[PDB]
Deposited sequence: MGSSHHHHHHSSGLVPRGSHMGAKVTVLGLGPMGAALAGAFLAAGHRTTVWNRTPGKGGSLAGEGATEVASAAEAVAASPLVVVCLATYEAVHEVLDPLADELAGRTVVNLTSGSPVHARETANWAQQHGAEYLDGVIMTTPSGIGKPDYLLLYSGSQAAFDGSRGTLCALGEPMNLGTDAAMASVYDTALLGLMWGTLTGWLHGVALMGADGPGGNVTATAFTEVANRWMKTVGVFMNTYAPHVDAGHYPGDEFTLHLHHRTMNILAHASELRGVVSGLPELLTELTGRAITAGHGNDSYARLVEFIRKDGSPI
């Protein structure tokens, strides 16, 4: 068991501390196998690894600024949510004072800490990540995004956008399947059983199209934007017939229509990245 300090005992902070304790680490906490101290100065002095999980980065700076001298030679893992610039500014300050800095984001809620298949994403000091990965595994599956401390904040936002696109298309499909009409009156649970299997194919599409974006070359092969637009129009008609009004078909047909007007009808879906950036 390694020595680890947690700063912040809100619902998430308290969950982080409990996961470290459960893995057998010598856990000091500040806001019963944990050692609770009254001051953050005492908490920071107790451990070479300081895991921070406060409400805001403004709170981070209020807590950590008076401890600049006390942070020399320590490793700071900052799981507070906030902006990319705030992660970067905190990283630069930590470097100034000789603390190894790793910024991270928690891709679950407190009840998911310590459970399988939940991600915590980190960016910043590679030496901090490699040295602390074994202890950080107590919280969930750690991923090292790279060396730029601000990356984790951007990844969280982008990944939530992906989640909301998926879940909104799921809701649209649930409503289409549940509606009255031939082939309808299907439960959400039955639809989702098939959807679960289908997502493996959707994952093939995302892994096929990422190289297209990075190359700036978008070969349509057997599923061109012409075919997307045609079948999107079917989706729109079907949704109107069955009373599903989500705005997704209107968004899809407008976006693909602009690429087709521009002459890229034979390209893959990846071409559409040029029409949102």
Counting from 1 along the deposited sequence, what's missing? 1-21, 53-63, 310-315
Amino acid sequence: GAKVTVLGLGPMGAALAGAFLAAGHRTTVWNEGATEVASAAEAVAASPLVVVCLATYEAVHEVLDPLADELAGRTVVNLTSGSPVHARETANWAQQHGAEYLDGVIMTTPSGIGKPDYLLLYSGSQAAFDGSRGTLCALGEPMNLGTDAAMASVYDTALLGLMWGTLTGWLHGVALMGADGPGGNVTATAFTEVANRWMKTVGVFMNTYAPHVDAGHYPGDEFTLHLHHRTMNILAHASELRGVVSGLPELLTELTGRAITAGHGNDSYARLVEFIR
From here on, numbers count along this sequence of modelled residues.
Should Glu32 be counted as unmodelled in at least a third of the other PDB entries compared? yes
Look over 83-91 and 116-124 in the entry and identify the one with the greater average Cα temperature factor. 116-124
Mean Cα B factor from the PDB record: higher for 248-256, or higher for 34-42? 34-42
Which of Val50, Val213, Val60, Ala236 ranks first by CA B-factor in the deposited coordinates: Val50
So if I compare the CA B-factors in the entry for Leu159, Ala138, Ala150, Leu176, which one is the largest? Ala138
Would you please rank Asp130 by its C-alpha temperature factor against the other modelled residues of its chain and give the third it falls in: lowest, middle or highest? highest
Within this chain, which third does the Cα B-factor at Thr109 fall in: lowest, middle or highest? middle
